[PDB]
Each structure stands twice: as C-alpha cells, then as structure tokens.
Amino acid sequence: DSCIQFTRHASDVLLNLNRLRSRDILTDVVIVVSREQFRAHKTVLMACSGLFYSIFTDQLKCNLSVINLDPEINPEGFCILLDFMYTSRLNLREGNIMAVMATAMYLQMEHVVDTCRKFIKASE
Amino acid sequence: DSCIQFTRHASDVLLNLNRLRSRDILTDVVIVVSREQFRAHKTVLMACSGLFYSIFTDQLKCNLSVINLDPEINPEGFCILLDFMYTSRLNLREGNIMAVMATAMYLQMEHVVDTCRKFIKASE
Amino acid sequence: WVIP
Amino acid sequence: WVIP
Ligand SMILES: O=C1Cc2cc(Nc3ncnc(Cl)c3Cl)ccc2N1
Ligand SMILES: O=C1Cc2cc(Nc3ncnc(Cl)c3Cl)ccc2N1
Ligand SMILES: [Cl-]
Ligand SMILES: [Cl-]
C-alpha cells in the first residue's frame, strides 16, 4: 500500500493499556497465583502469552472471570512478567531470574525465555 | 530501575490485537457509522481516541455493546482510522484526506489531525 | 510519521 | 533487548 506510519503509535497504545490496568478500567479477568490475585485484560494476556492465547480461545474458558495458575508458579515471577506484558520492560535480577524463566516457559513467552537463557549462560 | 527493554514488544502486541480483531475474538463493542458496523475492542479504542476514552470511562456508556456515531461521520474515514488504531498505518489519500481529518477531529486523535493539516497545507 |  |  501507500500508507504512512506513526512510529510511536504502538508504544502509546501499550502505555494507555497499562494506565487502564493501573486504574482497573475494563479489566475482565483475575489471574490467581497461589495466595495472590492479578487483574488484567484478557486481550493483552493473549497478545503476550501462548498459554493465555490458548486459554481464552477455548469456547468454555473464554467466559471465565477467574483463572488459577499451576501451584508451582511464583507470584513475584508472574508479577514481573505481567509488568513486562504491559510495558516492554523486564525487571530481570540475579535473585528472580530462575522464577522469571520458569514462569515465562509456563506462560509460553519465548522472547523472555531466550533472554533468561542468555543471562544465565553468561553467569556460568 | 535496572529493567531491560524488548524493542519490538509494543508492535508485536498491536499485531496480535489486530489478529484478534480480524477473527472477531473478544471484541466487545460494535461502532455504528450510518449504515455500517465495525466490531472492535473497547480498550484499544480508548487507548487511541480521546472520544472513546471519555465514552467508555462513563459509568453507563462503559456497559453498552453498541455505540452510534454522529450521522456526519463518513464510514470510510472511520474504517481508515480504525485500521490505523490497530496497525499504526494510515491510508491517507487525496480522495479521503478531508473525511479522515474530520473523523480524526471528532474521535480526538491529535497526531492524525496534525499529519492531515500538514498534508493539506502542502497542497495549497 | 514515516514511509514504512 | 536493550538498556532503555
Ligand atoms: O511467545 C509467544 C507470545 C505469543 C502470543 C500469542 N498470541 C497470538 N498469536 C497469534 N495470533 C493471535 Cl490473535 C494472538 Cl493473541 C501466541 C503465541 C505466543 N508465543
Ligand atoms: O489524541 C489522543 C489519543 C488519546 C487517547 C486517550 N487515551 C487514554 N489517555 C489516558 N489514559 C488512558 Cl487510561 C487512556 Cl486509554 C485519551 C486522549 C487521547 N487523545
Ligand atoms: Cl515474550
Ligand atoms: Cl493519533
């Protein structure tokens, strides 16, 4: 086509989706990770995670308002990944890298899994 | 903070939101523009438009499944702007620029209004 | 704005 | 990935 493109548009959209999440606006699901609860937008979770994409395209699970993750999932690792989904920024630290990588593998977030593998390999 | 950032994350999220729109997955509103109907995600519309942001933060309008736009709004101009919201690409042409600019002013999409003004000024 |  |  002969379209023009606004370079900052995708980043501006994601910033506004994170503002809606922070104010709990039009969030339609709560993700339960052991004792912890995280409110989010189903569409953003699907857009970021192969696991959520599979869950919310399922004809019965698409209608659930609560999703319980596997008990082995660490709430902090989930929180870090949820923040990444809505911002593009990953808070990866020596103290959380193992939990973040395991959560990213479970959530099927291949680019996160890739950077965790590389950061671990460099420390070996 | 000490975060790392994935450069293509925002663009990848927007691409997946457009894929969900094309397959009509988790769309929660229909925008009526005279005889034409457009299905979309309320969160994406709010993230792109000052008008939709105001509409869907309203305590009664947030729950509507159908929104009717002003009869002066051109369906093609709306279609072009909806495509822009989900892709960052604007199909701006001599034959549609006036309808696109008027629709962008109504929808409160200031960056689109700005490029339309500049493209019109250059042709004068 | 750019030519993509 | 980059340092933002
Ligand atoms: O590593 C990742 C990140 C990811 C996201 C999604 N999401 C979607 N993919 C295709 N079309 C659609 Cl419509 C969506 Cl929402 C699926 C798989 C994976 N894997
Ligand atoms: O030209 C534009 C594009 C636009 C988008 C929005 N959206 C939001 N703004 C602030 N926080 C939130 Cl939560 C959203 Cl969704 C509001 C005004 C405008 N004007
Ligand atoms: Cl990822
Ligand atoms: Cl805009």
Side-chain angles (χ1 to χ4, degrees), chain A residues 6 8-27 40-58 62 77 80-90 92 100-101 103-118, chain B residues 4-27 40-58 62 81 84-88 90 101 103-117, chain D residues 1:
Chain A
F6 192 69
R8 296 291 299 162
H9 183 70
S11 182
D12 288 351
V13 164
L14 195 66
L15 184 74
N16 284 338
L17 292 178
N18 197 33
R19 285 163 177 172
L20 294 176
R21 180 180 65 120
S22 71
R23 297 155 56 191
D24 200 34
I25 298 165
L26 284 171
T27 52
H41 303 98
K42 282 176 188 181
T43 59
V44 174
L45 295 182
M46 294 167 87
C48 298
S49 155
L51 186 71
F52 289 124
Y53 177 56
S54 292
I55 293 166
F56 302 122
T57 53
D58 176 87
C62 65
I80 287 153
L81 289 175
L82 189 58
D83 280 345
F84 169 74
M85 294 184 195
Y86 279 87
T87 64
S88 309
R89 288 145 195 257
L90 187 72
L92 196 56
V100 171
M101 185 174 74
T103 311
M105 287 171 72
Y106 170 77
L107 293 183
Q108 303 166 32
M109 295 173 72
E110 313 316 335
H111 294 303
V112 175
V113 176
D114 185 54
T115 197
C116 286
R117 283 218 248 267
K118 282 172 168 70
Chain B
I4 57 174
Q5 198 223 347
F6 192 69
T7 303
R8 296 291 299 162
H9 183 70
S11 182
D12 288 351
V13 164
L14 195 66
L15 184 74
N16 284 338
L17 292 178
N18 197 33
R19 285 163 177 172
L20 294 176
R21 180 180 65 120
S22 71
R23 297 155 56 191
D24 200 34
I25 298 165
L26 284 171
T27 52
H41 303 98
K42 282 176 188 181
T43 59
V44 174
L45 295 182
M46 294 167 87
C48 298
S49 155
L51 186 71
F52 289 124
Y53 177 56
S54 292
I55 293 166
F56 302 122
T57 53
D58 176 87
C62 65
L81 289 175
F84 169 74
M85 294 184 195
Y86 279 87
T87 64
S88 309
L90 187 72
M101 185 174 74
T103 311
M105 287 171 72
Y106 170 77
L107 293 183
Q108 303 166 32
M109 295 173 72
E110 313 316 335
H111 294 303
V112 175
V113 176
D114 185 54
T115 197
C116 286
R117 283 218 248 267
Chain D
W1 293 85

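Hydrogens, waters and symmetry mates are skipped; everything else that's a heavy atom, side chains included, is used. Counting convention: from 1, in listed order, for ligands and their atoms alike. Every chain is numbered from 1 and lettered A, B, ... according to where its sequence line falls, protein lines coming before strand lines.
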Record the part of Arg23(B) in heavy-atom contact with ligand 1 below 4.0 Å; permitted values are side chain, backbone, both and neither. side chain
Residue, atom and distance of the protein heavy atom nearest atom 9 (N) of ligand 2 read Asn16(A) OD1, 3.6 Å
The protein heavy atom nearest to atom 3 (C) of ligand 2 is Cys48(B) O, 3.5 Å
Is the side chain of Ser49(A) donor-acceptor paired with the backbone N or O of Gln108(A) at a distance under 3.5 Å, no angle test? no
Nearest neighbour in protein (non-hydrogen) for atom 13 (Cl) of ligand 2: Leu20(A) CD2, 3.2 Å
Under 3.5 Å, is there a donor-acceptor pair between the side chain of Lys42(B) and the main chain of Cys62(B)? yes
Among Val113(B), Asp114(B), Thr115(B), whose side chain to side chain contact (heavy atoms under 4.5 Å, CB included) with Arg117(B) holds? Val113(B)
Nearest-neighbour protein heavy atom for atom 12 (C) of ligand 2, which is reported as residue plus atom name and distance: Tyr53(B) CE1, 3.5 Å
Can you name the atoms of ligand 2, numbered from 1 with element, that are less than 4.0 Å from a heavy atom of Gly50(B)? 4 (C), 16 (C), 17 (C), 18 (C), 19 (N)
Could you tell me whether the side chain of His41(A) and the main chain of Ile25(A) form a donor-acceptor pair under 3.5 Å? yes
Determine whether a donor-acceptor pair (N or O, by modelled atom type, separation under 3.5 Å) exists between the side chain of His111(B) and the backbone of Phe6(A). no
Among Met85(A), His9(B), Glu110(A), closest by heavy atom to atom 1 (O) of ligand 1 is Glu110(A)
So do the side chains of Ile80(A) and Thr103(A) get within less than 4.5 Å of each other, counting heavy atoms only? no
Tell me the protein heavy atom at minimum distance from atom 11 (N) of ligand 2, and give that distance in Å. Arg19(A) CD, 3.6 Å
Side chain or backbone, does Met46(A) bring an N or O within less than 3.5 Å of an N or O on ligand 1? yes
One pair to check against side-chain hydrogen bond (donor to acceptor under 3.5 Å, both in side chains): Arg8(B) and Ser11(B). What are the steps and the verdict? CA-CA 5 Å; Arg8(B) 296 291 299 162; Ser11(B) 182; 3.0 Å; yes
pair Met105(B)-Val112(B): side-chain heavy atoms closer than 4.5 Å: no
Which atoms of ligand 1 are found less than 4.0 Å from any heavy atom of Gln108(A)? 1 (O), 2 (C), 3 (C), 19 (N)
Suppose I only count heavy atoms of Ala47(B) and a 4.0 Å limit; which atoms of ligand 2 are within that range? 5 (C), 15 (Cl)
